[PDB]
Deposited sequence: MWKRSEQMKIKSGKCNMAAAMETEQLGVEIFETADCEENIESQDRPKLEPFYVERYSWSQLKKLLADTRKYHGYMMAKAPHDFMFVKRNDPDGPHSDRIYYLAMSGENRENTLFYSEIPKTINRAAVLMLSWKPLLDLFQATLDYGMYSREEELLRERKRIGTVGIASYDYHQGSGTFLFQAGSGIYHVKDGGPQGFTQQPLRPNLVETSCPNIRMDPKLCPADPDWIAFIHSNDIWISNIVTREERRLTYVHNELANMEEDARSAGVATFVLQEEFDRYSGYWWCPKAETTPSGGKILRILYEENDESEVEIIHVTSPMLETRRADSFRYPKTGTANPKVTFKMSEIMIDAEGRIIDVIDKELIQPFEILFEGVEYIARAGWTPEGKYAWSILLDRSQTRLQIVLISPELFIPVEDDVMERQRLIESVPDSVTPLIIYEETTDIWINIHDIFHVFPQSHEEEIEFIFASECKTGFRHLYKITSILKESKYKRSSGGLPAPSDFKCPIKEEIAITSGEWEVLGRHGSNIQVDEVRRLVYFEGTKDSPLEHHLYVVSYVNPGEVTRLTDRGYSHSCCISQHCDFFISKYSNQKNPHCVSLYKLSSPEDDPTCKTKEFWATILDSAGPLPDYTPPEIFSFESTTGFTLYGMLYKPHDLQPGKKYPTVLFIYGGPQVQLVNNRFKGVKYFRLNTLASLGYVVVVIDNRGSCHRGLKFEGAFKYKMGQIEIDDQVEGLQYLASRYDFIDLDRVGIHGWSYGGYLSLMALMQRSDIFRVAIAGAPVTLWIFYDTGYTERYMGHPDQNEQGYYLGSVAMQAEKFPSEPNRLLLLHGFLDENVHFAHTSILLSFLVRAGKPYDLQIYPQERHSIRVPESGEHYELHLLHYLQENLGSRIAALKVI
């Protein structure tokens, strides 16, 4: 077996090869179905969605016909909703009025369609909500109880504004804009860094969905909101500063607050009264670090919240009445009556609690049914804690009076607020998970008593839509067709669903499917193709996809992988190998989806004469909690074994793989593992190429690394062995093997990780190559050019072998 050598292109030649092969907007999303209610008309519903037609992301609509010509395929035409000459990231809507509310760059706008007014046949002019606020307004939301009232964040304080009457008013006075960030670190209604970046919670205030009518003729509106104090949180810089809770250090001091807003009969604000918790957050919510999720029950009786402890091994779903909040009062004497007056039976209600010895994965599945009984709450939740796979559970919890009393003046023990679990039925089960992250959620048909959900049941390589009864869980019907991975949303009316779908050979496609039942059985569901929303681009003419392989690992698990064979493969020749890797939690690289957009250059590597390989090691997602928990306290230690094992599987199966010329490359956690690969297994990996690597886990934030490695004090050995900067001596003492890539202005994986590794590489007397991208297509073009040229000169070409 002779060694294949890649063509030794010059720098200018390689650049021209990439500019030619290089020569992709956001697919329709955030769908919403509105019924026409016109017996005489041809359409049943109108759908609204956000999409990109190099254009602005904007609102569109399409008409859903009552019947279709089944010999033909219906292409829905995209009608623009807005009359334009930046982008809309998201939008709010209110069914009873037809009111849209959205943000577009610097402005908060509104229009009306599909309400009691009716349906437009032409683009609508966006109506600016006028303001006196100097700076940018963020996170706008319609009040569900009254669509004339919006809310938004301005300079870390909550504001409200009436779109009809032009009235505007600040609700919180927690921050001053002229004051600097070091002295003033408080905020209201805003999710802080860690909750946005590690828990995917972006809003920090929640409109109460119902209005309480006052005897006078007016009404009371409410806003639950978190208030944050980041004073004791660590500060860091980059070429102004921000608050980054480094692992083992302080997270922000949190609490819940209620803004109570009084309006008269004419829609004019009578007064605003900010209210705080009757006892501090630490007392009521013992051991809780993070407010992971929050909201209200359907009728606004209780606020709810999903609460985590610091270690993220204890989760709590807690109901919170508005009666628990009392006015923020100056005078302690006037205040003391307000505390005593609140009854002792009015308590926080921990309606659900669970624990794990691995970690809690937060998700967006949580559905609360209407209250049939004052003493009970009925809801669907998802959890991995019972079986190690995420499954839907229908739960009923009794709302009994707490044994603890506030008049006694004592402090409450852990279990004082626990509610008894009356019922707890498993809706789903098996060796596969329900998806609750990144848009995946449930849709609950309350009439037919069904629940739609996305799952890995048919394969860990494909997401599919399913439906099941929640009253008597039996058969789970798959609604999406096999051979594609899907991403779906279901109409609020539960008679339609849309799927964004693709597989390895075919680019993404968006289609509408009508749902039906047989007359005899409403429980049973069938689907029928209705129309195309976005047609597939067609198979890319010069992109050759990889083959999804697998193998039975010594670890017990099956491990899946992608293999790009070298193009124009000559028999009796062995080829240089490039291992691409991410390998960290919350990500799966290997699945039946189209990879020719993001990972197009893995094809390009195959075209040059490289064997590209991707392998999802233990710790990757969509394989259950036990699979994910394999590296708890052991980040860096187990991942390369999996990668090497899968690499050796392919080597004995395919002798076109040269094991002597193996390179590895990854970004972020992939860069981390690329460095570990060169440190631990230099016998296997000739070159490592680390992009934005994590080199030292004490430099990373609380929410992420404490979940997977615990508090640093309790795991000095795990933090040591998993940090590459504290093991610089283990890198090779020969150059052209280690390449570091990093942006200067990196917000997640700071340049500190790179420069501390560099600082320790200099101590150890070890060689490295470095590239920087100080601020953009230009950087990406240069990265790919430099990367290919590096693999050529130090791995693939004939000079590569002669260099050693």
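Note: segments 1-47, 71-75, 106-107, 140-163, 318-326, 863-868, 898 of the deposited sequence have no C-alpha coordinates in the structure.
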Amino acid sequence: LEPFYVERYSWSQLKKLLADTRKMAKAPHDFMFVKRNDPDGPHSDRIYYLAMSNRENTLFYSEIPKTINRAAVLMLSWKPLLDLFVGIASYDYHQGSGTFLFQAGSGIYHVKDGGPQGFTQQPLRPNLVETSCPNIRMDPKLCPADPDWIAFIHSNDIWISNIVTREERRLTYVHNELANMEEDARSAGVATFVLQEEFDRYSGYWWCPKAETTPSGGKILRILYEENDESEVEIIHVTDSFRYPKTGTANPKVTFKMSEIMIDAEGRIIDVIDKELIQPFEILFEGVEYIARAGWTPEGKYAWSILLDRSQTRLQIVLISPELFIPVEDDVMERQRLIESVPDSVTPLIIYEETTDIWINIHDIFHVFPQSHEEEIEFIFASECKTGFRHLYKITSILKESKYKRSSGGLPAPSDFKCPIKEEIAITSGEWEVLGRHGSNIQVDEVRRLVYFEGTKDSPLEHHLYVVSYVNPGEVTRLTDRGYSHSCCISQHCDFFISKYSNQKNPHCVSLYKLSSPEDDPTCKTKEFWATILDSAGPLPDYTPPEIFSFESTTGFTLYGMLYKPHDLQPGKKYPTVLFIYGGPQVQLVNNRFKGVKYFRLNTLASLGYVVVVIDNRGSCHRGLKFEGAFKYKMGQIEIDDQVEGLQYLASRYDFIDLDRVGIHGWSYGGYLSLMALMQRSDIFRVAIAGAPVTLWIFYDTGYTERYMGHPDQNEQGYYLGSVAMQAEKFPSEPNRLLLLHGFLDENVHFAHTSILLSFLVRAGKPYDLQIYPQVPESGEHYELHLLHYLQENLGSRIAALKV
From here on, numbers count along this sequence of modelled residues.
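Take the two forms, superpose them, and find the largest set of C-alpha atoms that agree within 1.5 Å; that set is the rigid core.
Between 396-404 and 334-342, the larger root mean square Cα shift in 9 other deposited structures of this protein, once each structure is superposed on the rigid core, falls on 334-342. Using the rigid core as the fitting frame, the root mean square C-alpha deviation in 9 other deposited structures of this protein is greater for 177-185 than for the other of 303-311 and 177-185. Not even a third of the other compared entries skip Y654; each one keeps it along with the residues on either side.
Note: missing coordinates for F453 occur in none of the other compared entries bracketing this position, so the one-third threshold is not reached.
Higher mean CA temperature factor, per the PDB entry, when comparing 486-494 with 561-569: 561-569. Look at the mean CA B-factor for 677-685 and for 414-422 in the entry; the higher one is 414-422. Annotation for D157, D200, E323, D92: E323 ranks highest, by Cα B-factor. When the Cα B-factors of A382, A292, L76, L178 are read from the PDB record, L178 comes out highest.
Sort the chain's modelled residues by C-alpha temperature factor and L785 lands in the lowest third, per the entry. Sort the modelled residues of the chain by CA B factor and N228 lands in the middle third. In this PDB entry, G743 carries a Cα temperature factor that places it within the highest third of its chain's modelled residues.
When the CA B factors of the chain's modelled residues are split into thirds, the value for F242 lands in the highest one. When the modelled residues of the chain are ordered by their C-alpha B factor, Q648 lands in the highest third.
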